[PDB]
Protein chains: 2
Amino acid sequence: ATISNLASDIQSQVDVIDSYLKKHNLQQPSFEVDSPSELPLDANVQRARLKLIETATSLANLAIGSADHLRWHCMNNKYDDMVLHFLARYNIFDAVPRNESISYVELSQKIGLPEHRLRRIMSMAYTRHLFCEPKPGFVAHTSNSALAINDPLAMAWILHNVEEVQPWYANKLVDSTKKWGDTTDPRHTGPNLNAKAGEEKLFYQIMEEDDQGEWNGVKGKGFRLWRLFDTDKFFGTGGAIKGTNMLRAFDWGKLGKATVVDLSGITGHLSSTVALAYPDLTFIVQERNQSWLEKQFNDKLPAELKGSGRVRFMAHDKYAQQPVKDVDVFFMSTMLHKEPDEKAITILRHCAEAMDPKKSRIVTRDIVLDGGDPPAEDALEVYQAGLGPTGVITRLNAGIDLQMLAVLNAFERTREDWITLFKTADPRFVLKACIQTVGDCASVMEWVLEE
Amino acid sequence: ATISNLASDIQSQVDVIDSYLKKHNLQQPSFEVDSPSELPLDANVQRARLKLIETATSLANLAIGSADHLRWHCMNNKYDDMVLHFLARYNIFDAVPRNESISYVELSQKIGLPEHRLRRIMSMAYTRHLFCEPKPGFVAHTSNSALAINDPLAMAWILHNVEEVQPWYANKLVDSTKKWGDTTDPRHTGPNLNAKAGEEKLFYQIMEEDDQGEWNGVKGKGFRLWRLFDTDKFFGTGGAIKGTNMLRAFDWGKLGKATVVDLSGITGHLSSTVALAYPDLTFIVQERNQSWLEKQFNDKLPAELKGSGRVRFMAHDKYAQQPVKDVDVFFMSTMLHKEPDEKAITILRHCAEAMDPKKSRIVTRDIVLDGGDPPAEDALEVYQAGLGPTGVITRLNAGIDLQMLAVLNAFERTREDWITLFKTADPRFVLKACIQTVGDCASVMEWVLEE
Ligand SMILES: C/C=C/C[C@H](C)C[C@H](C)C(=O)c1c(O)cc[nH]c1=O
Ligand SMILES: C/C=C/C[C@H](C)C[C@H](C)C(=O)c1c(O)cc[nH]c1=O
């Protein structure tokens, strides 16, 4: 890399994107409040976008240079997360009006944060194009901040990472590695570094048991788990892993009228997306029960689906025998990646025992660390755009993989890992398709039992 | 901003830098191990560099877009610091040979980190051009990683931030703000959220008292403070705030043979830099004593200065009367920024009482949040390059300011703040010069007592 070659590559990638936007009369992205929140899902546009992010980030890194690399990173980067901590806990996104400016004086008063401290936080936020200072003394939204107005799912993602993952798990991972070594046991995690025998706490135990708090409609026991469920929905409502990508990566219409057991769990929000598009499907969403789960599940269903039976909750232990009969599809989105081999095999064997090999299939959605195949229309540099050692999808896969490590001692898998896993569960399993849309990190994989 | 206009601005800034490098037969930066670690200090080159970093970072942000902004940031960014935590605690910089590759198998064995976990950490490191994977199975250095080989000052900066500042202070700042409000009391910090009356601990108390550890030649009591001293020296040895910038921002030669009391403290490493360049100066470096400080101070002096008396340590309480007579300069680099007004005024009044107004001066070096003046040669867009709401020097100033907030409830100052402060200490104080070299965040300010 040289600064000139990176600049040349940037110009080539921008030209691809800008030419497409102009050809199709599409809005240009900006930092204004009503900027489009994403670029077109056209595969060549997304290929250019992923390369552009990587090339621009590399150019900034090269221009910073090696002398200021650690000096500046270890100074500044952690405060981007602390700024978000403040913005979420003082509800600054909602306090700044979407379409107007507000003085620091008035904003400080609205949120109860002393103005001098408020100014110091905002100074750092602006450097990430998070809010702006349109004139001295005043604050306004940017594209990035306005998208999070009135969005508890976004606030959940900030707070889960800054109040739970980073302090309890990531900061402690060196010490956990020194204490237990490299294991897949979710007890071998930061909160248990000094725990007595049998008094260890699992992440999911803390989530479902703590009652000292409240989050978005759930008060007391399990408020942290409900917030976690909110985070999962956040990754479905928009951005790279948006749930509608599944409709491009798998043809749900070929199933006709069919019963789908959705072992994705959570609140069935992906089942709802597919159900709205395919009225002949019934989704039975299976998850470990919580006192509040059936009520919240039902309250959050799209209005069109409430009371219809098309998407319904069924409490279920995923490690137990499957009670539903005549299942056409077992669907598991971003669920098996939390399961080390033995646990994943238990789940898959219960599914296989409930499958009619001639009629049934498993559809999973998970990271394939070395890349799924693009949709046939999009088919065809050593790596696919986004992958490779500085790729932005490599980087997102690594962030998710390290979250699995830090919180659970779980791990992401390559395509061969997935195939080996399924074949160990049942040697009749065959991978029929592994489709990753450009811009996403996850693949939709279709599995059948071939006799 | 549009993607096209940002790309155009990048090309203009790269052209400035590349033209200068080629004109002067200078090495091109790259990610290779022996890349130059910085660009020329020519003011127009540095102006282009600061703008290039900002424009490239803005383009990456815009191409990520608002939908993936929080989704990806709250996933990934904290793991850049966790990766550094591993790299420092397992000494991976030193274990990878500077000029050769090493297999993951061999690297894992050298450092005692299981290979599967080692691979997952390195995957994230490469995305920041920290190390690389030159062929499958193998690890090598990059420019950014090789500069930290055998550098305890760099490792100190990683570990101070990831093991002390972030967990003990930054992560707790929302709760500290809720508990005490906006104060300047260094007791009103994270470690004391649940402390009983009179049992509060100051950051500097923890640093100088904890004896459960060892760092770079200091075992037991005060090892964390010695590590902190190492971090301070790290910012002097290279990069933006390098100590030799002071020789461009102030003319130490005009003093002739002179006695300088250096209330910068620490280990006098800036006094040493100036002393080497100006043999007629004597520096009396004043700092709070520690058992190990005189020995370490003397051991780290440049060989040419050892035993010469040109740079010597004098234990001193900066809040107490000044014992040295006939002082020509009181020098304070990056010291007063840790001092709220009343404390800073105490220090400045002790200096003023020891000054002969006709002979003496104070030279300080600190952030001026709204920008010092460039050296006269470099004199002469709303903001100076690097400043403004997305400037990279604005961002560095904010990182330092928020570190002062989180650890100390201290704060950075504008030029008017500094002038007001000095005049409150002694109304005879006049600011004679405030010089900031392009690429640095700190200004060298010269103060005299005018009758
Ligand atoms: C394949 C991508 C799935 C999207 C998820 C938001 C990824 C995220 C790391 C996740 O799975 C988490 C989890 O399971 C448990 C706790 N904390 C999490 O963040
Ligand atoms: C003006 C710039 C000075 C360079 C310093 C490395 C800045 C840094 C924030 C600092 O002062 C620190 C400190 O005083 C106390 C603890 N932890 C620090 O990091």
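So, how was this worked out
- Residues numbered from 1 in each chain as written, not as in the entry; some residues may be left out.
- Chains lettered and ligands numbered in written order.
- Heavy atoms only, no water.
- Helix = DSSP H or I, 4+ residues; strand = E, 2+ residues; numbered from the N terminus.
- Contact = heavy atoms within 4.5 Å.
- Buried area = accessible area lost by both parts, 1.4 Å probe.
- Salt bridge = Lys/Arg side-chain N within 4 Å of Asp/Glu carboxyl O.
- Polar contact = N/O pair within 3.5 Å; in protein donor to acceptor, adjacent residues only side chain to side chain.
- Buried < 20%, exposed > 50% of the residue type's maximum accessible area, 1.4 Å probe, protein only.
- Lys, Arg positive; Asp, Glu negative; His and termini not counted.
- Arc of directions from axis to C-beta.
- Pairing = 2+ DSSP bridges.
- Axes fitted to C-alpha atoms, helices over the stretch in contact; angles between N-to-C directions.

For this entry, the PDB record names X-ray crystallography as the structure determination method and reports a resolution of 1.5300 Å.

Looking at the PDB entry, one finds chain A named HpiI and attributed to Hymenoscyphus scutula. Listed in the archive, the entry goes by the title "The structure of HpiI in complex with its substrate analogue".

Engineer: Kindly report on the environment of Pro374(A), identifying the contributing residues and their values.
Structural biologist: Residues and elements named next belong to chain A. With respect to the helices, strands and loops of the structure, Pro374 is situated in the loop between β9 (361-367) and α16 (392-408). Separated by 126 residues in the primary sequence, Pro374 and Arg248 place their C-alpha atoms 9.9 Å from one another. Excluding residues that lie within four positions of it along the chain, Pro374 makes contacts with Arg47, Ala379, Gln384, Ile435 and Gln436.

Engineer: Lay out the interface of chain A and chain B in plain terms, naming residues and giving numbers.
Structural biologist: Quoted interface sizes are often the accessible area lost when the parts come together. Listed per partner, the contact involves 114 residues of chain A and 114 residues of chain B. Both sides of the chain A and chain B interface together cover about 10900 Å² of buried area, and 61% of this is carbon and sulfur. Linking chain A with chain B are ten salt bridges. For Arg120(A), the salt bridge is made with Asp401(B), and the minimal N-O distance between the two is 2.8 Å. Put simply, chain A and chain B have 61 residue pairs in polar contact between them. The element best represented in the side of chain A that touches chain B is helix α3 (residues 67-89) of chain A, accounting for 21 residues.

Engineer: Can you lay out the side chain of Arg71(B) for me, pointing to particular residues and giving the numbers?
Structural biologist: Note that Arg71(B) resides in helix α3 (residues 67-89). Buried charge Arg71(B) goes without a salt bridge, the closest partner of opposite sign being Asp68(B) at 5.4 Å. A distance of 2.8 Å separates a polar side-chain atom of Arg71(B) from the backbone oxygen of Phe234(A). Separated by 3.2 Å, the side chain of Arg71(B) and the backbone oxygen of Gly238(A) make a polar contact. Residue contacts for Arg71(B): discarding those within four places in its chain leaves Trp157(A), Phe234(A), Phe235(A), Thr237(A), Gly238(A) and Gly239(A).

Engineer: Give a description of helix α9 (residues 173-180) of chain A that names residues and reports values.
Structural biologist: Inspection of α9(A) places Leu173(A), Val174(A), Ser176(A) and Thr177(A) among the buried residues, and these make up the whole buried set. Down the axis of α9(A), the sector holding all buried residues measures 165°, keeping them to one side. Of the surrounding secondary structure, the elements contacted by the buried residues of α9(A) are α8 (152-169) and α16 of chain A together with α3 and α6 (115-126) of chain B. Looking at the residues trailing α9(A), positive phi occurs at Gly181(A), about 80°.

Engineer: Any chance you could break down the environment of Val311(A) for me, citing the residues and the numbers?
Structural biologist: All names here are of chain A. Inspection of the secondary structure assignment puts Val311 in strand β7 (residues 311-315). Through-space distance from the C-alpha of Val311 to that of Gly256 is 16 Å; in sequence the pair is 55 residues apart. Not counting the four nearest positions on each side in its chain, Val311 is found in contact with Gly268, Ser271, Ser272, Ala275, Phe283, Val285, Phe297, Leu301 and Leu305.

Engineer: Account for the sheet that holds strand β11 (residues 442-449) of chain B, naming residues and giving values.
Structural biologist: Residue and element names in this part refer to chain B. One open sheet holds the seven strands; their spatial order is β7-β6-β5-β8-β9-β11-β10, and the pairing between them is mixed. Edge positions in the sheet fall to β7 (311-315) and β10 (429-435), since each has one partner strand and no second. With direction set aside, neighbouring strand axes in the sheet form an average angle of 25°. Two elements, strand β8 (residues 329-333) and strand β9 (residues 361-367), share five bridges in a ladder whose sense is parallel. Note that in β9 the partner of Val329 across the bridge is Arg361. Across the sheet, helix α13 (residues 269-277) is in contact with β5 (258-262), β6 (281-287), β7, β8 and β9; its angle to β6 comes to roughly 180°. In this fold helix α15 (residues 341-353) packs onto β8, β9, β10 and β11, with an angle of close to 160° to the strand it touches most, β8.

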